[PDB]
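For reference, the structure is listed below as structure tokens.
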Amino acid sequence: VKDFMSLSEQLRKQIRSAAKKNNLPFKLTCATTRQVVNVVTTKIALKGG
Amino acid sequence: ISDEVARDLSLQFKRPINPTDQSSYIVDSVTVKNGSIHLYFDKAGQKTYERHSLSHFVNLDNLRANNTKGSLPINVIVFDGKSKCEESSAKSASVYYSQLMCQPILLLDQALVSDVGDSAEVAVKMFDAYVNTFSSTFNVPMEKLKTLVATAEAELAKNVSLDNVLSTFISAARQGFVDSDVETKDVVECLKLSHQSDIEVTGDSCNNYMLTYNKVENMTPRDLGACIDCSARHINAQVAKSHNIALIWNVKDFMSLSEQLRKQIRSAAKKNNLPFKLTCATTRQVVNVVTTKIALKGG
Amino acid sequence: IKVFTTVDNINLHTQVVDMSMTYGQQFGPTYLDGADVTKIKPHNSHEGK
Amino acid sequence: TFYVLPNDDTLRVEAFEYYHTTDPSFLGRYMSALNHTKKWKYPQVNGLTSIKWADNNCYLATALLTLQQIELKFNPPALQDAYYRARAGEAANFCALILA
């Protein structure tokens, strides 16, 4: 919830629209725990330099 | 002019007047850059922010409302948010200082300010805490530790990463006091996890015991498989208290567990007020106990 | 040889000793099941004790 | 039944970094096998997983039984978590990974 609040409104709307278009279920939580599971993922960060 | 004074002035002058601004506002987020601190708040539905020097934030007691100095260098007041008593009085007390400074006063929760206190030597403080924990674990004579810390001071002056410096420090120190099977990375990770989670660490043998309150019905399959691998057992709390038995688990296996499971286990232990420590040992102690082996209802 | 050592008798601790010298010459006063081993050199069967 | 996935070299490089396998066609075969293996059922006997006979799964079940009783660790964290889940009953994904 707090991270979602830190986001911009347009970004939230775009993310939700994309999720709904791709038929992807999505939920929110107040917990501070992380789902450490096996997934091929790329960290969202700046490029190297 | 604020509402708390506007009404009095209107009563004195026998005609209505219009206040110009509110007395105080509440800060919601903090950003620190280039030795300065930024405070953010919402005013009339719009985001607002200000910038101030971080130097004045070292002494939190100087910014308290009950300061006997009688003057505020900055328009920021630090108060405990969880303390419902003083947070209500702070709103009323802010009026006098706002009139003195002729501008609104910013309300800031104490916990955030406590988190604000930060420097580049905090890593050095953490390193010193790790060294103290290691010394308490092994009771090495002070002079060798002081020489190694003197070397680590030059290493910090080189501004190298904490991981490599601590690894070299422990590898140099581990000679003559640590068994060969132990690895430096294990000690470093255990110290980091101990500092971050506020957990005490000992080198004694583990037992892999748990209480009945950690019900298996809520277990995820992955954590249940991990428990099967570690071969944990259940025991009554009072029976363990009678024999003065603490909760001892291997640091690597405990780290392999999920965050939620570890938090639940720690919460249950603290509720039952049970000592708990992690260890790097790979052996199990043998004590006269009555325990039930945790297993699935396989069939 | 590799042998086990402990204080609370349930913990995990292990020591490695050489068979050239006796237990006492390397460590000191040591006993095993009521038998003094301070002035006795080990043999193969003492492994794992 | 067939499945189609586009090509992305960056994703395959990340998959190799995670799983230590250089096969560029690993992902598609793995998914195709996993989809078929999800159809199966895996009961347990005496706390040990049992499988109804299908598609010559006898040696796979024997390997599962062998793994259930031996000390075992893996370098890929994903494979280790898959083994953890398999020992808890989610053997389909682990078997699919082994076959892939």
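Lettering and numbering for the structure tokens are positional, with chains as A, B, ... in the shown order, residues counted from 1 in each chain, and ligands counted from 1 in the shown order.
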Using only C-alpha atoms, which residues sit within 9 Å of residue D:47 once same-chain residues fewer than 3 positions away are excluded, as a PyMOL selection string?
(chain B and resi 295-299) or (chain D and resi 44)
Residue neighbourhood stretch 32-43 of chain D, 12 Å, only C-alpha atoms, exclusion window fewer than 5 positions, as a PDB file with N, CA, C and O atoms, in the first residue's frame:
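That gives us result_17.pdb:
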ATOM      1  N   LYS B 297       1.098 -35.883   7.369  1.00  0.00           N
ATOM      2  CA  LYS B 297       0.172 -37.002   7.481  1.00  0.00           C
ATOM      3  C   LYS B 297       0.232 -37.849   6.217  1.00  0.00           C
ATOM      4  O   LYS B 297      -0.794 -38.085   5.570  1.00  0.00           O
ATOM      5  N   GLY B 298       1.431 -38.303   5.859  1.00  0.00           N
ATOM      6  CA  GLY B 298       1.640 -39.068   4.645  1.00  0.00           C
ATOM      7  C   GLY B 298       0.851 -40.359   4.588  1.00  0.00           C
ATOM      8  O   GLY B 298       0.854 -41.142   5.543  1.00  0.00           O
ATOM      9  N   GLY B 299       0.167 -40.589   3.472  1.00  0.00           N
ATOM     10  CA  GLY B 299      -0.636 -41.783   3.297  1.00  0.00           C
ATOM     11  C   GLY B 299      -1.472 -41.756   2.032  1.00  0.00           C
ATOM     12  O   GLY B 299      -1.614 -40.717   1.387  1.00  0.00           O
TER      13      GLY B 299
ATOM     14  N   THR D   1      -1.871 -30.632 -28.748  1.00  0.00           N
ATOM     15  CA  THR D   1      -1.851 -29.290 -28.186  1.00  0.00           C
ATOM     16  C   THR D   1      -0.436 -28.736 -28.269  1.00  0.00           C
ATOM     17  O   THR D   1       0.536 -29.459 -28.031  1.00  0.00           O
ATOM     18  N   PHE D   2      -0.326 -27.453 -28.608  1.00  0.00           N
ATOM     19  CA  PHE D   2       0.967 -26.821 -28.824  1.00  0.00           C
ATOM     20  C   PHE D   2       0.993 -25.455 -28.155  1.00  0.00           C
ATOM     21  O   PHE D   2      -0.051 -24.844 -27.909  1.00  0.00           O
ATOM     22  N   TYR D   3       2.203 -24.984 -27.861  1.00  0.00           N
ATOM     23  CA  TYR D   3       2.411 -23.693 -27.225  1.00  0.00           C
ATOM     24  C   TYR D   3       3.483 -22.931 -27.991  1.00  0.00           C
ATOM     25  O   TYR D   3       4.429 -23.524 -28.516  1.00  0.00           O
ATOM     26  N   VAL D   4       3.327 -21.606 -28.048  1.00  0.00           N
ATOM     27  CA  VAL D   4       4.222 -20.741 -28.806  1.00  0.00           C
ATOM     28  C   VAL D   4       4.708 -19.610 -27.909  1.00  0.00           C
ATOM     29  O   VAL D   4       3.930 -18.968 -27.200  1.00  0.00           O
ATOM     30  N   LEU D   5       6.016 -19.375 -27.948  1.00  0.00           N
ATOM     31  CA  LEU D   5       6.656 -18.310 -27.192  1.00  0.00           C
ATOM     32  C   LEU D   5       7.633 -17.572 -28.093  1.00  0.00           C
ATOM     33  O   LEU D   5       8.369 -18.201 -28.862  1.00  0.00           O
ATOM     34  N   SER D  25      16.824 -23.538 -26.111  1.00  0.00           N
ATOM     35  CA  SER D  25      15.473 -24.066 -26.237  1.00  0.00           C
ATOM     36  C   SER D  25      14.959 -24.699 -24.951  1.00  0.00           C
ATOM     37  O   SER D  25      13.946 -25.405 -24.988  1.00  0.00           O
ATOM     38  N   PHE D  26      15.636 -24.469 -23.824  1.00  0.00           N
ATOM     39  CA  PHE D  26      15.262 -25.117 -22.571  1.00  0.00           C
ATOM     40  C   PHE D  26      13.869 -24.696 -22.113  1.00  0.00           C
ATOM     41  O   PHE D  26      13.077 -25.528 -21.657  1.00  0.00           O
ATOM     42  N   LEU D  27      13.559 -23.402 -22.220  1.00  0.00           N
ATOM     43  CA  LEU D  27      12.335 -22.878 -21.618  1.00  0.00           C
ATOM     44  C   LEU D  27      11.086 -23.455 -22.276  1.00  0.00           C
ATOM     45  O   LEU D  27      10.136 -23.844 -21.584  1.00  0.00           O
ATOM     46  N   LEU D  48       5.842 -41.329   1.697  1.00  0.00           N
ATOM     47  CA  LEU D  48       6.662 -41.270   0.497  1.00  0.00           C
ATOM     48  C   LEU D  48       5.754 -41.200  -0.720  1.00  0.00           C
ATOM     49  O   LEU D  48       4.743 -41.904  -0.792  1.00  0.00           O
ATOM     50  N   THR D  49       6.126 -40.352  -1.676  1.00  0.00           N
ATOM     51  CA  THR D  49       5.271 -40.085  -2.823  1.00  0.00           C
ATOM     52  C   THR D  49       5.104 -41.328  -3.691  1.00  0.00           C
ATOM     53  O   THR D  49       6.057 -42.065  -3.959  1.00  0.00           O
ATOM     54  N   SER D  50       3.867 -41.554  -4.130  1.00  0.00           N
ATOM     55  CA  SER D  50       3.530 -42.633  -5.044  1.00  0.00           C
ATOM     56  C   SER D  50       2.893 -42.041  -6.292  1.00  0.00           C
ATOM     57  O   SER D  50       2.251 -40.988  -6.240  1.00  0.00           O
ATOM     58  N   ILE D  51       3.088 -42.715  -7.422  1.00  0.00           N
ATOM     59  CA  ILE D  51       2.581 -42.244  -8.706  1.00  0.00           C
ATOM     60  C   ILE D  51       1.901 -43.401  -9.422  1.00  0.00           C
ATOM     61  O   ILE D  51       2.450 -44.505  -9.502  1.00  0.00           O
ATOM     62  N   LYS D  52       0.702 -43.148  -9.940  1.00  0.00           N
ATOM     63  CA  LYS D  52       0.040 -44.119 -10.796  1.00  0.00           C
ATOM     64  C   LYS D  52       0.813 -44.272 -12.101  1.00  0.00           C
ATOM     65  O   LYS D  52       1.344 -43.303 -12.650  1.00  0.00           O
ATOM     66  N   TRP D  53       0.882 -45.508 -12.592  1.00  0.00           N
ATOM     67  CA  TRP D  53       1.696 -45.792 -13.766  1.00  0.00           C
ATOM     68  C   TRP D  53       1.136 -45.088 -14.995  1.00  0.00           C
ATOM     69  O   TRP D  53      -0.048 -45.219 -15.317  1.00  0.00           O
ATOM     70  N   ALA D  54       2.001 -44.347 -15.685  1.00  0.00           N
ATOM     71  CA  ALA D  54       1.623 -43.639 -16.899  1.00  0.00           C
ATOM     72  C   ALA D  54       2.884 -43.169 -17.605  1.00  0.00           C
ATOM     73  O   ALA D  54       3.770 -42.565 -16.994  1.00  0.00           O
ATOM     74  N   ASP D  55       2.946 -43.452 -18.906  1.00  0.00           N
ATOM     75  CA  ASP D  55       4.040 -42.997 -19.765  1.00  0.00           C
ATOM     76  C   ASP D  55       5.401 -43.438 -19.230  1.00  0.00           C
ATOM     77  O   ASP D  55       6.373 -42.679 -19.247  1.00  0.00           O
ATOM     78  N   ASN D  57       6.561 -44.093 -16.132  1.00  0.00           N
ATOM     79  CA  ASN D  57       7.073 -43.285 -15.032  1.00  0.00           C
ATOM     80  C   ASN D  57       7.720 -44.117 -13.931  1.00  0.00           C
ATOM     81  O   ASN D  57       7.976 -43.581 -12.848  1.00  0.00           O
ATOM     82  N   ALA D  61       9.750 -42.548 -10.808  1.00  0.00           N
ATOM     83  CA  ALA D  61       9.332 -42.764  -9.427  1.00  0.00           C
ATOM     84  C   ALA D  61      10.465 -43.356  -8.598  1.00  0.00           C
ATOM     85  O   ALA D  61      10.636 -43.004  -7.425  1.00  0.00           O
ATOM     86  N   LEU D  64      12.761 -40.589  -7.765  1.00  0.00           N
ATOM     87  CA  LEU D  64      12.138 -39.800  -6.707  1.00  0.00           C
ATOM     88  C   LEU D  64      12.335 -40.455  -5.345  1.00  0.00           C
ATOM     89  O   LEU D  64      12.679 -39.788  -4.361  1.00  0.00           O
ATOM     90  N   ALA D  86       8.848 -30.360  -4.099  1.00  0.00           N
ATOM     91  CA  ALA D  86       8.585 -31.748  -4.461  1.00  0.00           C
ATOM     92  C   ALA D  86       8.506 -32.633  -3.226  1.00  0.00           C
ATOM     93  O   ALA D  86       7.628 -33.498  -3.122  1.00  0.00           O
ATOM     94  N   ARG D  87       9.421 -32.432  -2.275  1.00  0.00           N
ATOM     95  CA  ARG D  87       9.374 -33.213  -1.044  1.00  0.00           C
ATOM     96  C   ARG D  87       8.131 -32.884  -0.228  1.00  0.00           C
ATOM     97  O   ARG D  87       7.733 -33.667   0.642  1.00  0.00           O
ATOM     98  N   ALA D  88       7.506 -31.739  -0.494  1.00  0.00           N
ATOM     99  CA  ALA D  88       6.249 -31.366   0.140  1.00  0.00           C
ATOM    100  C   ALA D  88       5.030 -31.784  -0.674  1.00  0.00           C
ATOM    101  O   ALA D  88       3.901 -31.497  -0.262  1.00  0.00           O
ATOM    102  N   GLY D  89       5.227 -32.454  -1.808  1.00  0.00           N
ATOM    103  CA  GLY D  89       4.128 -32.923  -2.624  1.00  0.00           C
ATOM    104  C   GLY D  89       4.004 -32.280  -3.988  1.00  0.00           C
ATOM    105  O   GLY D  89       3.272 -32.807  -4.835  1.00  0.00           O
ATOM    106  N   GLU D  90       4.693 -31.165  -4.235  1.00  0.00           N
ATOM    107  CA  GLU D  90       4.654 -30.500  -5.538  1.00  0.00           C
ATOM    108  C   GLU D  90       5.759 -31.079  -6.425  1.00  0.00           C
ATOM    109  O   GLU D  90       6.722 -30.413  -6.812  1.00  0.00           O
ATOM    110  N   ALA D  91       5.597 -32.362  -6.749  1.00  0.00           N
ATOM    111  CA  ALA D  91       6.641 -33.081  -7.471  1.00  0.00           C
ATOM    112  C   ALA D  91       6.564 -32.826  -8.971  1.00  0.00           C
ATOM    113  O   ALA D  91       7.512 -33.121  -9.707  1.00  0.00           O
ATOM    114  N   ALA D  92       5.438 -32.287  -9.447  1.00  0.00           N
ATOM    115  CA  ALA D  92       5.257 -32.104 -10.885  1.00  0.00           C
ATOM    116  C   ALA D  92       6.303 -31.161 -11.466  1.00  0.00           C
ATOM    117  O   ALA D  92       6.939 -31.475 -12.480  1.00  0.00           O
ATOM    118  N   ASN D  93       6.497 -30.001 -10.835  1.00  0.00           N
ATOM    119  CA  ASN D  93       7.446 -29.019 -11.352  1.00  0.00           C
ATOM    120  C   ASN D  93       8.871 -29.553 -11.302  1.00  0.00           C
ATOM    121  O   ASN D  93       9.655 -29.361 -12.240  1.00  0.00           O
ATOM    122  N   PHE D  94       9.226 -30.225 -10.206  1.00  0.00           N
ATOM    123  CA  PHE D  94      10.570 -30.777 -10.071  1.00  0.00           C
ATOM    124  C   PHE D  94      10.832 -31.858 -11.113  1.00  0.00           C
ATOM    125  O   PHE D  94      11.911 -31.897 -11.716  1.00  0.00           O
ATOM    126  N   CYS D  95       9.857 -32.740 -11.341  1.00  0.00           N
ATOM    127  CA  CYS D  95      10.008 -33.772 -12.362  1.00  0.00           C
ATOM    128  C   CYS D  95      10.127 -33.155 -13.748  1.00  0.00           C
ATOM    129  O   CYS D  95      10.919 -33.614 -14.579  1.00  0.00           O
ATOM    130  N   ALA D  96       9.335 -32.114 -14.021  1.00  0.00           N
ATOM    131  CA  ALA D  96       9.424 -31.439 -15.310  1.00  0.00           C
ATOM    132  C   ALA D  96      10.800 -30.816 -15.507  1.00  0.00           C
ATOM    133  O   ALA D  96      11.386 -30.906 -16.591  1.00  0.00           O
ATOM    134  N   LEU D  97      11.334 -30.182 -14.460  1.00  0.00           N
ATOM    135  CA  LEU D  97      12.673 -29.607 -14.547  1.00  0.00           C
ATOM    136  C   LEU D  97      13.725 -30.687 -14.771  1.00  0.00           C
ATOM    137  O   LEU D  97      14.651 -30.505 -15.571  1.00  0.00           O
ATOM    138  N   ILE D  98      13.601 -31.816 -14.070  1.00  0.00           N
ATOM    139  CA  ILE D  98      14.558 -32.907 -14.234  1.00  0.00           C
ATOM    140  C   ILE D  98      14.526 -33.430 -15.664  1.00  0.00           C
ATOM    141  O   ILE D  98      15.570 -33.643 -16.291  1.00  0.00           O
ATOM    142  N   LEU D  99      13.323 -33.640 -16.203  1.00  0.00           N
ATOM    143  CA  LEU D  99      13.203 -34.125 -17.574  1.00  0.00           C
ATOM    144  C   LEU D  99      13.738 -33.112 -18.576  1.00  0.00           C
ATOM    145  O   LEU D  99      14.383 -33.495 -19.560  1.00  0.00           O
ATOM    146  N   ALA D 100      13.480 -31.821 -18.350  1.00  0.00           N
ATOM    147  CA  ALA D 100      13.989 -30.791 -19.249  1.00  0.00           C
ATOM    148  C   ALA D 100      15.511 -30.762 -19.242  1.00  0.00           C
ATOM    149  O   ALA D 100      16.147 -30.622 -20.294  1.00  0.00           O
TER     150      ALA D 100
END
Neighbours of residue B:52 within 7 Å (only C-alpha atoms; same-chain residues fewer than 4 positions away dropped), as a list in words?
residues 36, 37 and 38 of chain B
Could you save those same residues with C-alpha atoms as a compact mmCIF listing (two decimals), in the first residue's frame?
# COMPACT_ATOMS: atom_id res chain seq x y z
CA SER B 36 20.73 18.68 3.88
CA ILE B 37 17.30 17.34 4.78
CA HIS B 38 14.08 17.86 2.81
Report as a PyMOL selection string the set of chain B residues whose atoms approach chain A to within 9 Å, with distances computed over only C-alpha atoms.
chain B and resi 258-260
If we count only C-alpha atoms, what is near residue B:245 at a cut-off of 10 Å, once residues fewer than 2 positions away on the same chain are taken out, given as a list in words?
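Using only C-alpha atoms, the neighbours found are residues 207, 209, 237, 238, 239, 240, 241, 242, 243, 247, 248, 274, 275, 276, 287 and 289 of chain B.
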Grab the residues selected above and save them as a compact mmCIF listing (two decimals), in the first residue's frame with N, CA, C and O atoms.
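Printed below is again-v5.txt as written:
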# COMPACT_ATOMS: atom_id res chain seq x y z
N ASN B 207 19.62 -27.45 18.22
CA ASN B 207 18.63 -28.47 18.59
C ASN B 207 17.44 -28.56 17.65
O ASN B 207 16.81 -29.62 17.60
N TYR B 209 14.39 -27.19 17.72
CA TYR B 209 13.16 -27.41 18.47
C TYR B 209 12.20 -26.24 18.26
O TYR B 209 12.61 -25.11 18.00
N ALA B 237 6.42 -25.92 26.06
CA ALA B 237 7.17 -24.74 26.49
C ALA B 237 7.62 -24.87 27.94
O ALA B 237 8.79 -24.60 28.27
N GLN B 238 6.72 -25.29 28.83
CA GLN B 238 7.06 -25.37 30.24
C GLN B 238 8.10 -26.45 30.51
O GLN B 238 8.96 -26.29 31.39
N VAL B 239 8.05 -27.56 29.77
CA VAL B 239 9.06 -28.61 29.92
C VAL B 239 10.43 -28.07 29.55
O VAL B 239 11.43 -28.33 30.24
N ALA B 240 10.51 -27.30 28.46
CA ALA B 240 11.78 -26.69 28.08
C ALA B 240 12.24 -25.68 29.12
O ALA B 240 13.44 -25.58 29.41
N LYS B 241 11.30 -24.91 29.68
CA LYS B 241 11.66 -23.94 30.72
C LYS B 241 12.22 -24.64 31.95
O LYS B 241 13.16 -24.14 32.58
N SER B 242 11.66 -25.80 32.31
CA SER B 242 12.13 -26.52 33.49
C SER B 242 13.58 -26.95 33.33
O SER B 242 14.36 -26.87 34.29
N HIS B 243 13.97 -27.41 32.14
CA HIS B 243 15.33 -27.83 31.88
C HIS B 243 16.22 -26.68 31.42
O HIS B 243 17.41 -26.91 31.14
N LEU B 247 16.13 -21.89 22.29
CA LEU B 247 15.92 -22.23 20.89
C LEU B 247 17.21 -22.02 20.11
O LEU B 247 17.67 -20.88 19.98
N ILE B 248 17.78 -23.11 19.61
CA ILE B 248 19.05 -23.06 18.90
C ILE B 248 18.82 -23.62 17.49
O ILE B 248 18.34 -24.75 17.34
N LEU B 274 11.26 -16.81 25.60
CA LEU B 274 12.25 -17.87 25.52
C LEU B 274 13.53 -17.35 24.89
O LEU B 274 13.48 -16.70 23.85
N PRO B 275 14.68 -17.60 25.51
CA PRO B 275 15.95 -17.24 24.86
C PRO B 275 16.11 -17.98 23.54
O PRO B 275 15.71 -19.13 23.39
N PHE B 276 16.68 -17.28 22.56
CA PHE B 276 16.84 -17.84 21.22
C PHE B 276 18.10 -17.28 20.58
O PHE B 276 18.32 -16.07 20.58
N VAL B 287 20.29 -33.98 24.84
CA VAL B 287 19.83 -33.70 26.20
C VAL B 287 18.57 -34.53 26.44
O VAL B 287 17.83 -34.84 25.51
N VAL B 289 15.18 -35.05 26.77
CA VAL B 289 13.97 -34.31 26.41
C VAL B 289 12.93 -35.30 25.90
O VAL B 289 13.24 -36.43 25.52
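Closest to residue B:74 among B:163, B:198, B:50, B:229 is B:50, based on only C-alpha atoms.
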Distance cut-off 7 Å, counting only C-alpha atoms - which residues of chain C neighbour chain B? Return them as a ChimeraX atom specification.
/C:9-13
DSSP-assigned helix (DSSP H, G or I) among stretch 11-56 of chain D, expressed as a ChimeraX atom specification
/D:11-19,26-37
Could you tell me how far atom CA of residue B:272 sits from atom CA of residue B:82, in Å to one decimal place?
25.6 Å
Kindly determine which residues of chain D lie within 8 Å of chain A, considering only C-alpha atoms, and give the answer as a ChimeraX atom specification.
/D:11,14-15,18,77-78,81
As a list in words, please: the residues near residue B:142 (cut-off 12 Å, only C-alpha atoms, same-chain neighbours under 6 positions excluded).
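Neighbouring residues, sequence-local ones excluded: residues 131, 132, 134, 135, 136, 148, 149 and 173 of chain B.
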Shell around residue B:91 at 12 Å using only C-alpha atoms, local window under 4 positions removed, as an mmCIF file with N, CA and C atoms, in the first residue's frame:
data_model
loop_
_atom_site.group_PDB
_atom_site.id
_atom_site.type_symbol
_atom_site.label_atom_id
_atom_site.label_comp_id
_atom_site.auth_asym_id
_atom_site.auth_seq_id
_atom_site.Cartn_x
_atom_site.Cartn_y
_atom_site.Cartn_z
ATOM 1 N N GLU B 4 -6.573 30.884 16.236
ATOM 2 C CA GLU B 4 -6.529 30.951 17.690
ATOM 3 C C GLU B 4 -6.342 32.368 18.211
ATOM 4 N N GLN B 22 -3.142 28.712 8.391
ATOM 5 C CA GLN B 22 -3.239 27.789 9.510
ATOM 6 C C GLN B 22 -1.992 27.870 10.387
ATOM 7 N N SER B 23 -2.129 27.369 11.616
ATOM 8 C CA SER B 23 -1.039 27.468 12.580
ATOM 9 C C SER B 23 0.095 26.499 12.272
ATOM 10 N N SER B 24 -0.221 25.261 11.897
ATOM 11 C CA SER B 24 0.810 24.245 11.750
ATOM 12 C C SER B 24 0.387 23.215 10.714
ATOM 13 N N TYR B 25 1.365 22.425 10.272
ATOM 14 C CA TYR B 25 1.146 21.349 9.319
ATOM 15 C C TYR B 25 2.001 20.154 9.719
ATOM 16 N N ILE B 26 1.683 18.998 9.141
ATOM 17 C CA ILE B 26 2.309 17.731 9.503
ATOM 18 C C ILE B 26 3.151 17.243 8.331
ATOM 19 N N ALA B 65 9.258 20.588 22.359
ATOM 20 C CA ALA B 65 8.382 21.696 22.725
ATOM 21 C C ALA B 65 8.698 22.231 24.115
ATOM 22 N N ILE B 77 9.180 21.100 14.754
ATOM 23 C CA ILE B 77 8.991 20.593 16.107
ATOM 24 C C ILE B 77 8.916 19.075 16.042
ATOM 25 N N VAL B 78 9.712 18.409 16.875
ATOM 26 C CA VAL B 78 9.772 16.954 16.922
ATOM 27 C C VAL B 78 8.914 16.469 18.082
ATOM 28 N N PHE B 79 8.023 15.520 17.802
ATOM 29 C CA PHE B 79 7.134 14.979 18.818
ATOM 30 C C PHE B 79 6.902 13.503 18.538
ATOM 31 N N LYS B 84 -0.131 9.933 22.382
ATOM 32 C CA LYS B 84 -1.325 10.736 22.143
ATOM 33 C C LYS B 84 -1.407 11.929 23.087
ATOM 34 N N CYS B 85 -0.766 11.840 24.251
ATOM 35 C CA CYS B 85 -0.838 12.903 25.246
ATOM 36 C C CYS B 85 -0.133 14.168 24.774
ATOM 37 N N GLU B 86 1.172 14.074 24.515
ATOM 38 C CA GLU B 86 1.958 15.252 24.171
ATOM 39 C C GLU B 86 1.706 15.746 22.753
ATOM 40 N N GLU B 87 1.263 14.872 21.846
ATOM 41 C CA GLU B 87 1.004 15.311 20.479
ATOM 42 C C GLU B 87 -0.177 16.271 20.419
ATOM 43 N N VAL B 95 1.478 27.571 18.716
ATOM 44 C CA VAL B 95 0.945 28.890 18.378
ATOM 45 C C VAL B 95 1.907 29.990 18.813
ATOM 46 N N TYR B 96 2.444 29.875 20.029
ATOM 47 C CA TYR B 96 3.334 30.906 20.554
ATOM 48 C C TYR B 96 4.580 31.052 19.689
ATOM 49 N N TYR B 97 5.198 29.927 19.327
ATOM 50 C CA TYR B 97 6.404 29.984 18.509
ATOM 51 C C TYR B 97 6.089 30.426 17.086
ATOM 52 N N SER B 98 4.918 30.049 16.565
ATOM 53 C CA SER B 98 4.520 30.522 15.245
ATOM 54 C C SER B 98 4.358 32.033 15.228
ATOM 55 N N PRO B 104 4.110 29.616 9.804
ATOM 56 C CA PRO B 104 3.625 28.330 10.318
ATOM 57 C C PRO B 104 4.766 27.416 10.740
ATOM 58 N N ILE B 105 4.469 26.568 11.720
ATOM 59 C CA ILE B 105 5.429 25.630 12.290
ATOM 60 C C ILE B 105 5.136 24.242 11.738
ATOM 61 N N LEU B 106 6.192 23.479 11.475
ATOM 62 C CA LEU B 106 6.074 22.149 10.892
ATOM 63 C C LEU B 106 6.115 21.095 11.991
ATOM 64 N N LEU B 107 5.155 20.176 11.958
ATOM 65 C CA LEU B 107 5.076 19.078 12.912
ATOM 66 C C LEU B 107 5.719 17.839 12.306
ATOM 67 N N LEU B 108 6.623 17.214 13.057
ATOM 68 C CA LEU B 108 7.402 16.081 12.568
ATOM 69 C C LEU B 108 7.378 14.976 13.615
#
Provide the atom CA of residue B:1 to atom CA of residue B:99 distance in Å, to one decimal place.
7.8 Å
Can you pull out the residues contacting residue B:277? Cut-off 8 Å, using only C-alpha atoms, and skip same-chain residues under 5 positions away; I want them as a list in words.
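My reading of the contact set: residues 199, 200, 201, 202, 246, 247, 248 and 249 of chain B.
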With N, CA and C atoms retained, export the selected residues as a PDB file, in the first residue's frame.
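Final output, out.pdb:
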ATOM      1  N   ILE B 199      19.105 -10.189  16.952  1.00  0.00           N
ATOM      2  CA  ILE B 199      19.180 -11.572  17.402  1.00  0.00           C
ATOM      3  C   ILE B 199      20.571 -11.833  17.960  1.00  0.00           C
ATOM      4  N   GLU B 200      20.621 -12.517  19.099  1.00  0.00           N
ATOM      5  CA  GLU B 200      21.879 -12.906  19.716  1.00  0.00           C
ATOM      6  C   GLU B 200      22.385 -14.199  19.085  1.00  0.00           C
ATOM      7  N   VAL B 201      23.709 -14.333  19.018  1.00  0.00           N
ATOM      8  CA  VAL B 201      24.350 -15.444  18.328  1.00  0.00           C
ATOM      9  C   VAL B 201      25.327 -16.134  19.270  1.00  0.00           C
ATOM     10  N   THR B 202      25.300 -17.466  19.252  1.00  0.00           N
ATOM     11  CA  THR B 202      26.227 -18.275  20.030  1.00  0.00           C
ATOM     12  C   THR B 202      26.771 -19.386  19.144  1.00  0.00           C
ATOM     13  N   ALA B 246      17.055 -23.318  25.516  1.00  0.00           N
ATOM     14  CA  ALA B 246      16.782 -22.231  24.593  1.00  0.00           C
ATOM     15  C   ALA B 246      16.585 -22.769  23.178  1.00  0.00           C
ATOM     16  N   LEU B 247      16.135 -21.890  22.289  1.00  0.00           N
ATOM     17  CA  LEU B 247      15.916 -22.231  20.891  1.00  0.00           C
ATOM     18  C   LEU B 247      17.206 -22.016  20.114  1.00  0.00           C
ATOM     19  N   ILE B 248      17.779 -23.106  19.607  1.00  0.00           N
ATOM     20  CA  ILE B 248      19.051 -23.064  18.895  1.00  0.00           C
ATOM     21  C   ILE B 248      18.815 -23.615  17.495  1.00  0.00           C
ATOM     22  N   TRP B 249      19.144 -22.823  16.478  1.00  0.00           N
ATOM     23  CA  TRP B 249      19.004 -23.239  15.091  1.00  0.00           C
ATOM     24  C   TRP B 249      20.243 -22.818  14.316  1.00  0.00           C
TER      25      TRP B 249
END
Which residues in chain C does DSSP call strand (DSSP E or B)? List them as a ChimeraX atom specification.
/C:2-4,14-16,31-32,35-36
Export, as a CSV table (one decimal), in the first residue's frame, the selected residues with N, CA and C atoms.
chain,number,residue,atom,x,y,z
C,2,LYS,N,39.6,-37.6,14.4
C,2,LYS,CA,38.6,-36.6,14.7
C,2,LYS,C,37.7,-37.1,15.8
C,3,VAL,N,37.5,-36.3,16.8
C,3,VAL,CA,36.8,-36.7,18.0
C,3,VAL,C,35.8,-35.6,18.4
C,4,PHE,N,34.8,-35.9,19.2
C,4,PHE,CA,33.8,-34.9,19.6
C,4,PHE,C,34.1,-34.4,21.0
C,14,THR,N,33.5,-30.1,17.8
C,14,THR,CA,34.4,-31.2,17.4
C,14,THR,C,35.8,-30.7,17.4
C,15,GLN,N,36.7,-31.7,17.8
C,15,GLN,CA,38.1,-31.4,17.9
C,15,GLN,C,38.9,-32.5,17.0
C,16,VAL,N,40.0,-32.0,16.5
C,16,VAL,CA,40.9,-32.9,15.7
C,16,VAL,C,42.2,-33.0,16.4
C,31,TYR,N,39.3,-37.6,30.3
C,31,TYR,CA,38.8,-38.9,30.7
C,31,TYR,C,37.8,-39.4,29.7
C,32,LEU,N,37.6,-40.7,29.7
C,32,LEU,CA,36.6,-41.3,28.8
C,32,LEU,C,36.0,-42.5,29.5
C,35,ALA,N,37.8,-43.9,32.3
C,35,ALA,CA,39.2,-44.3,32.0
C,35,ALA,C,40.0,-43.1,31.7
C,36,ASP,N,41.2,-42.9,32.4
C,36,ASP,CA,42.0,-41.8,32.2
C,36,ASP,C,42.8,-42.0,30.9
